[PDB]
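What follows is a short report on a single structure.
There are 4 protein chains.
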Amino acid sequence: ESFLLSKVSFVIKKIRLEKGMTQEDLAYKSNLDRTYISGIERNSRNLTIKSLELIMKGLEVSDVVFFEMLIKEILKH
Amino acid sequence: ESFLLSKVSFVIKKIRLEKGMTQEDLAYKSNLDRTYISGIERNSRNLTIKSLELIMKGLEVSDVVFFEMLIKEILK
Amino acid sequence: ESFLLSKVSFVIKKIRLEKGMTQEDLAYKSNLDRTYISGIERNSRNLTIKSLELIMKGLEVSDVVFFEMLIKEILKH
Amino acid sequence: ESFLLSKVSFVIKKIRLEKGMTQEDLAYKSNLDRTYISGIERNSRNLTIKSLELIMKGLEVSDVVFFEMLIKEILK
DNA sequence: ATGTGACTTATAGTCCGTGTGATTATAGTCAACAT
DNA sequence: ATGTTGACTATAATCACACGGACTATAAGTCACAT
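Chains as they are written, first to last, in the entry's author numbering: chain C, 2 to 78; chain D, 2 to 77; chain B, 2 to 78; chain A, 2 to 77.
Below, the structure is given as structure tokens:
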């Protein structure tokens, strides 16, 4: 569907595994539904900047380093 | 409101201006509503990635250039 | 399958709803997985007395009270 | 160990005796292993409902009578 | 008769994830009128 | 030109649940040898 979305959803998962988190921890720490974290990674889903922020806080990661990894993923072949 | 959401909006407005675009024209170029655009720039909207993407295409700016800018703006 | 199991299964759910609990709450307080609580209610799984005991403690109900409702459900038409 | 588990077992042993059965015979009647039964009666086993059901069949006691008894036993 | 121990094998119970209908909050989109 | 106020309607986001596969702990079932 959307170019950027699958990149965002890819990076959320990448970080989540890097930090040895599971989906449902992240769902807690991000103060969003269990199934939403799944749905974001699983398919992609069209999240909101506010929701993205919540997830970033949950990944225990800064806006900045998130976007830095986002850029790197976009740039790949 | 949100810090990120504010910086996003600021960035959208910044790029629109360094390109000498009007809102009217930013909305024409991305096929969204001008009041919608207005709203974002006065930070009254919490856009989705999809929408953000349409706005980048309307600004004629790559995802990467946008985020490069968004990062810099984020750091005061 | 087993006669007693689906009865035990039924009564666990009945109580759980009577107390306005959700599976999530229950598996919570029973310190079992929410998958297992679901599994039990769903497909009448074959639990252990120890696990049943945990569920009773989770339902905030006593041995006695449970077995009294168990007897009732068995007796029904 | 568990409180319930001990009284299940106690009950199983109680009924086997009130009937005049040996373990050997409770095992035969319920098509289970004798050491299996001995284990339960010394309370070294944590039955599943299914197993309990087989032991009730062997004792020839309905679920209801078993639980009526277990309750009474439970209340000291 | 019953009670051990110790040793496989079935399965109970765990852990992480997928996929889904139904409801609620809210973004997406477009009016009217402002300046 | 841009701002703001309601609106309607799509959909983001929530909530309670089912379902699967893979792995770990342990109950199920059977030996040998006590007594």
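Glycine included, each C-beta is placed from N, C-alpha and C at the ideal position.
> So who's on the other strand from A:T49, going by DSSP bridges?
Replying inline: B:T49
> With 16 other CB atoms within 10 Å as the buried threshold, where does B:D34 fall?
Replying inline: exposed
> Using CA coordinates, which residue listed in B:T49, B:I38, B:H78 and B:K77 is at the minimum distance from B:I13?
Replying inline: Ranking B:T49, B:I38, B:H78 and B:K77 by Cα distance to B:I13 puts B:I38 first.
>> I'd like the list of long-range same chain contacts for C:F67, defined as Cβ closer than 6 angstroms, with 5 residues on each side in sequence excluded.
In response: Result list for C:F67: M57, in chain order.
>> Is D:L6 close to chain C? Criterion is C-beta to C-beta, closer than 7 angstroms.
In response: yes
>> To the nearest angstrom, how far is the alpha carbon of A:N32 from that of A:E2?
In response: 26 angstroms
> Which of the three DSSP states, helix, strand or coil, is assigned to A:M57?
Replying inline: In the structure shown, A:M57 sits in a helix (DSSP, three-state: H, G or I).
>> Comparing C-alpha positions only, which one of A:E42, A:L6 and A:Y29 sits nearest to A:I16?
In response: A:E42
> Which whole-angstrom value is the C-beta distance of A:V65 and B:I75, which I expect to be below 8 angstroms?
Replying inline: 6 angstroms
> Hey, out of C:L53, C:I72 and C:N44, whose CA is closest to C:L27's CA?
Replying inline: C:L53
> So what does DSSP say about D:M22, is it helix, strand or coil?
Replying inline: coil
> By the criterion of Cβ-Cβ separation under 8 angstroms, what are the contact partners of A:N47 in chain B?
Replying inline: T49, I50 and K51
> Are the C-beta of B:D26 and some C-beta of chain A separated by less than 7 angstroms?
Replying inline: For B:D26, the nearest beta carbon of chain A is not closer than 7 angstroms to its own beta carbon.
>> With a threshold of 7 angstroms between beta carbons, is A:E19 in contact with chain B?
In response: Not one chain B Cβ lies under 7 angstroms of A:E19.
> For the alpha helix (DSSP H) that contains A:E74, what are its first and last residues?
Replying inline: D64 to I75
>> Looking only at its chain, what residues have a beta carbon closer than 7 angstroms to the beta carbon of C:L48, apart from the 5 residues adjacent to it on each side?
In response: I41
> Does the Cβ-Cβ distance between C:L18 and C:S45 come in under 7 angstroms?
Replying inline: no
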